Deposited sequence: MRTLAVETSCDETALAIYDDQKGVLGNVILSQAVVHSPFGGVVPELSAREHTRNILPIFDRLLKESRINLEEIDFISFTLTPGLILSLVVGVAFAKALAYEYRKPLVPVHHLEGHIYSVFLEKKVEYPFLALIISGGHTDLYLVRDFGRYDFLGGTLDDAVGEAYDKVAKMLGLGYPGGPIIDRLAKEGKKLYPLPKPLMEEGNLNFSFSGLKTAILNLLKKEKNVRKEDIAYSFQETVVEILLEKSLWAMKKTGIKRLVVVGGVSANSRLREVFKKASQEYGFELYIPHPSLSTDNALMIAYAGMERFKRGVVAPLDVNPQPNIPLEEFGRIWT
């Protein structure tokens, strides 16, 4: 079985071809970090224009590298939601263009569903399992009981972790994508100046990070990165440990772009060794947005007999739990 997958939910144009017997047949991505960097953020209209310019050159590269014919693709997988609606429609337009032209089914995927299944590309995870999703705009815990069956357990009450890195990096004047800059800079710190905890009670599975910017101002740049990162990663691990104890589930999937952080990976790996739970974190190239994870979740949905009609329409934010009920 074989799918061409399309991801344009945010600021990466990503196409991939995945075969469930042969594995990856193609994988091309163009980031828009260069063009959004003068704004300290992602400008929606600008992102839409870049997707429109870049999607055809990327496709050309995918076809030449993979040497696959579209006639050999069984179905087209694509990110329907959530994301920047103006960018989403470019990818959906391209997918439906190909689907109608080649008479292939359409299979929608939720973007966070892609992140969950990003680890399945290397190893299948037994159900049920916990998923910690940590991206630029999400910091969520879900209990995954089956494909399409995601129970929301908690999420951020203010900033997601990725945004917190961005604000701390800007606040230190360093550049924007904040995560990788802090990850690298924190290796120098050594001295950890302690930081305050949120006001919610222990055992709550929700997250809070934006108050650290208050304590950062109220306070050795490499030690600043070090102390921020250490507090943040420790928050993530504690909430996950609480979630495993509350649920009884000793399988944890950690995904999203912040799952590429090298110190996060140290801490969760250490915890899996000391506590005896199973941990799945993807290769760093699958932590950040890619179409291969979309392709994998598309396979799962297609194999259950679910396809979309030709008039299927993207939306900015369908919640993951609702999406899985609707689409499987």
Check your understanding: Which parts of the deposited chain sequence are absent from the coordinates, listed in sequence order?
Key -> 220 to 226
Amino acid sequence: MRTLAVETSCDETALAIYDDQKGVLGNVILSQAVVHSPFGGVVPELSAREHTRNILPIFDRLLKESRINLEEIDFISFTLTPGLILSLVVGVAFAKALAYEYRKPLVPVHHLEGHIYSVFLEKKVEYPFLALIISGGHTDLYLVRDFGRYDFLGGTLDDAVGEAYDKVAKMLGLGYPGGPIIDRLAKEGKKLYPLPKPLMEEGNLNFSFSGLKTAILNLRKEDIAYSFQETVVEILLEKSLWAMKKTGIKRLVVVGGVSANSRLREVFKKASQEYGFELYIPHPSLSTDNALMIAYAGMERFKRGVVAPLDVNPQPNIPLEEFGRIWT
From here on, numbers count along this sequence of modelled residues.
Revision key, fill the gap. Per the PDB entry, mean CA B-factor is higher for 31 to 39 or 283 to 291, namely for 31 to 39
Check your understanding: According to the deposited model, is the average Cα temperature factor higher in 241 to 249 or in 108 to 116?
Key -> 241 to 249
Review point. Based on what the PDB entry reports, which of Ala95, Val258, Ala131, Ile181 has the top C-alpha B-factor?
Key: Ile181
**Study point:** Largest Cα B-factor, entry values, listed residues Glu101, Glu188, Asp146, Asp74
**Key:** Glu188
Exercise for review: Using the B-factor values recorded in the entry, state whether the Cα atom of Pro82 falls in the lowest, middle or highest third among the modelled residues of its chain.
Suggested key: middle
Check your understanding: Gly173: which third of its chain by C-alpha temperature factor?
Key -> highest
Study note, to complete from the structure: Quick tally, chain-level thirds of C-alpha B-factors: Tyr142 sits in the lowest
Revision key, fill the gap. So, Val161's CA B-factor, relative to its chain, sits in which third? The middle
Point to revise | Among modelled residues of the same chain, the CA temperature factor third for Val125 | key: middle
